[PDB]
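# Sequence, then structure. It's an experimental one.
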Amino acid sequence: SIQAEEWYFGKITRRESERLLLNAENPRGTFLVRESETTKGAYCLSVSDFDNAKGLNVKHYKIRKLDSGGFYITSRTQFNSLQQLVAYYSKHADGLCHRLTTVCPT
Ligand SMILES: *C(=O)c1ccccc1OP(=O)(O)OCC1CCCCC1
């Protein structure tokens with residue numbers, strides 16, 4: 001299901017997510033979800049941002065999944081699925097560097 005998602009890159013490193021997201025063609029909010037390098041059972045949402053200060057850059061947010069079922073970056077805002085979390089952050093920037101816009105091209 002999660003593996004079925006085109007934005008789910010699975011087991012790729014933080015550096016690789018950065019290589020992919022640092023493409024000059026990527027607008028703010030370009031993103032992907034991957035496994036956390038060191039936190040078992042956790043995912044990482046990698047997102048491109050851009051400003052005149054830093055230019056094109058990348059941020060990483062940890063996504064936790066409870067056995068109790070919920071998915072979240074902040075425990076205050078949980079979802080019944082990773083798909084629903086992605087859909088929510090595609091509408092709300094909240095504390096992220098930018099709302100999610102486009103799936104990172106390979
Ligand atoms: C996502 O998993 C994440 C969130 C914030 C900052 C960095 C990451 O990417 P990661 O795969 O390097 O970090 C998750 C792992 C490795 C680094 C320390 C935290 C656990």
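Happy to help now that I have it. Residues are numbered from 1 along each chain as shown.
# Just want the residue of this structure that's nearest the ligand.
The chain approaches the ligand most closely through residue 44 (2.6 Å), counting by Cβ to the nearest ligand atom. Bear in mind the C-beta positions are built from the backbone N, C-alpha and C, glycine included.
# Would you agree that residue falls within a helix?
No: read with DSSP: H, G, I helix; E, B strand; the rest coil, residue 44 is strand and lies in no helix.
# Enumerate the residues of the chain near the ligand.
14, 36-39, 42, 44, 60-62 (Cβ under 6 Å from any ligand atom).
# Please flag which of those sit within strands.
Among the residues of the chain next to the ligand, the ones falling in strands (DSSP state E) are 44, 60-62.
# Now residue 11. Nearest residue, chain neighbours left out?
Using Cβ to Cβ, 6 or more residues apart in numbering and skipping residues adjacent in sequence, the residue nearest residue 11 is residue 35, 5.1 Å away.
# How about the contacts made by that neighbour?
Contacts here follow Cβ atoms under 8 Å, 6 or more residues apart in numbering; on that basis residue 35 touches 10-12, 42-44.
# For those, give me CSV that also has neighbour count and distance to residue 94.
Below are the contacts of residue 35 laid out as CSV (neighbours: other Cβ atoms under 10 Å; distance: Cβ to Cβ, whole Å):
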residue, neighbour count, distance to residue 94
10, 12, 25
11, 8, 27
12, 16, 25
42, 13, 19
43, 22, 17
44, 20, 17
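# Dump these into a markdown table; add distance to residue 23 as well.
Below are these laid out as a markdown table (distance: Cβ to Cβ, whole Å):
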| residue | distance to residue 23 |
| --- | --- |
| 10 | 19 |
| 11 | 21 |
| 12 | 15 |
| 42 | 26 |
| 43 | 22 |
| 44 | 19 |
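# May I ask which two of the residues you listed are separated the most?
Using Cβ to Cβ, the contacts of residue 35 span at most 14.5 Å, a distance reached by 12 and 42.
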